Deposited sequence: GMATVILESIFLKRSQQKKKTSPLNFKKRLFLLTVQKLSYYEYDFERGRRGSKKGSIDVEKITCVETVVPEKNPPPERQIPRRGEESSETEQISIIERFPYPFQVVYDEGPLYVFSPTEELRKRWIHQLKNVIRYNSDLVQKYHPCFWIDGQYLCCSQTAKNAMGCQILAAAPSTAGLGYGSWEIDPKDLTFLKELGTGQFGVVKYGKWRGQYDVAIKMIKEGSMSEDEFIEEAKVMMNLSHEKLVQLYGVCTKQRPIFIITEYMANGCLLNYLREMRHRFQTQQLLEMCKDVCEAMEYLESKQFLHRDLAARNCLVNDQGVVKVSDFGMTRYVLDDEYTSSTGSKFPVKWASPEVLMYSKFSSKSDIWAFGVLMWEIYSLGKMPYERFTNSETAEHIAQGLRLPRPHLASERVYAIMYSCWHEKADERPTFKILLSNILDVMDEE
């Protein structure tokens, strides 16, 4: 996955002694340390739990008589008063943590519950109350590893798509239609447990760095936005492996644009841009690059909503004709000059590509730089060649896409700024 800290908070931890600890969560580990107040950083490490060993995270029933420091009834209190407990359940008994606020406890529980979907020894039951004086107060059982006495409200074993085990059973898939092929081979439409529509990407053996994708899915499983194609899970206990996603009935945006019968109004085209920009603002906020943003990599559902697809997947492509910046399959005509010249990938190369995508949308799927080959494009865009204003784009709309192609990456806007510009034009109309 990634070594990035997803959540950082100061909590009160129970050993019976209670101590303030800085908790840091990564997809790999939940670690806690003494808090270096003076330096505003972590102090000495005091322990850690491997995320793969966590079987359950849930609230705890509060103690009936907790001292003032833990009594339910801003700056000073949020680091001195900890009344809301939660438990992290793993092999070595539960770990009890007290949050200063309810919102913060909710945030940690929500995040941890999603993360542990990846794990293999998940439980359906837990202990609602504290283990104290050699027994659980809820059921009076005397073993710390005693099975939970109460079923979880949304136990993963019985949870629906997006909340269940990350590994999906392929025997629960029905295949109904061929959706064509892409960089990793065949894709199909089908049903999960006979009711839920899904897309099944079947990974051609030898096309993907599978072990890296499977591990790194720990990060991608946390990406969720209304305008991102949702990843539901994987099937990796067979050959080939499958990637299971949200199904988009209308296919890829590029082919959608090229279907002349739609006869889109320019308001509809701007809405497509807004959809994509919202997805990209979300990915930018998670410091996650797409690296092949283009109309061909966006999909359209049966409601006409555009969503961004296959973000982050370039990293696992084994084909050097795709990966090489001069390869026949590399997306040269969406690549910023710095990418082509120096392999300088950043949020700003995604911004460049977004501009070309806006141009595609207002050109109804025309090939960019049609008069030029990939090699010619690479040479001339580094000199200052730019895509001209599409006939359907107003000067104001063109200014947005044009801003994406500044020769200096740092003078390119962010997706937050682009979205603001798009919303302004929608109002102005």
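Discussion item. Could you spell out the stretches of the deposited sequence that were left without C-alpha coordinates, going in sequence order?
Written reply: Residues missing from the model, as numbered along the full deposited sequence, span 16-23, 82-90.
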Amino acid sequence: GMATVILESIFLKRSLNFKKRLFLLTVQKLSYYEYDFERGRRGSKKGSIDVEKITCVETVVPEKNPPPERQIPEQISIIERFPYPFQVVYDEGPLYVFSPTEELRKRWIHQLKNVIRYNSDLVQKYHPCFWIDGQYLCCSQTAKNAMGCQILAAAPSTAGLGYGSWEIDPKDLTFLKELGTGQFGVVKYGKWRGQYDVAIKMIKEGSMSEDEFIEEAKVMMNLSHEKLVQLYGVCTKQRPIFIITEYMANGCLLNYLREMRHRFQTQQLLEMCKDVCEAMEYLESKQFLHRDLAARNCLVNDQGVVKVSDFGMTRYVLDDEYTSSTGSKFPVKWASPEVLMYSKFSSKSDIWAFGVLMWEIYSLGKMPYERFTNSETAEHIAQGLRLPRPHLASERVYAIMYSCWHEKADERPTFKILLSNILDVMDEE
From here on, numbers count along this sequence of modelled residues.
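Fill in: Average Cα temperature factor in the PDB entry - higher stretch of 157-165, 337-345
Per the deposited B-factors, the answer is 157-165.
Worksheet item: So 251-259 or 213-221, which one's hotter by mean CA B-factor in the entry?
Response: Stretch with the higher mean C-alpha B-factor: 213-221.
Practice prompt. By the entry's C-alpha temperature factors, tell me which of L231, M272, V300, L104 sits highest.
Written response: So the option with the highest C-alpha B-factor is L104.
Worksheet entry | Top residue by Cα temperature factor, when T26, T55, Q383, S44 are compared in the entry | Within the set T26, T55, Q383, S44, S44 shows the top C-alpha B-factor.
Worksheet entry | Among modelled residues of the same chain, the CA temperature factor third for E360 | Its C-alpha B-factor, which the entry lists for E360, ranks in the lowest third among residues of this chain.
Discussion item. Split into thirds by Cα B-factor across the chain's modelled residues, where does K416 land: lowest, middle or highest?
Written reply: According to the entry, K416 has a C-alpha B-factor in the chain's middle third.
Discussion item. Where does the C-alpha B-factor of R389 rank in its chain, lowest, middle or highest third?
Written reply: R389: CA B-factor falls in the lowest third of its chain.
Worksheet item: Looking at the C-alpha B-factor of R117, is it in the lowest, middle or highest third of its chain?
Response: For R117, the deposited C-alpha B-factor lands in the middle third.
Item to complete: Would you mind ranking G327 by its C-alpha B-factor against the rest of the chain and naming the third, lowest, middle or highest?
Response: Tercile = middle for this residue's CA B-factor.
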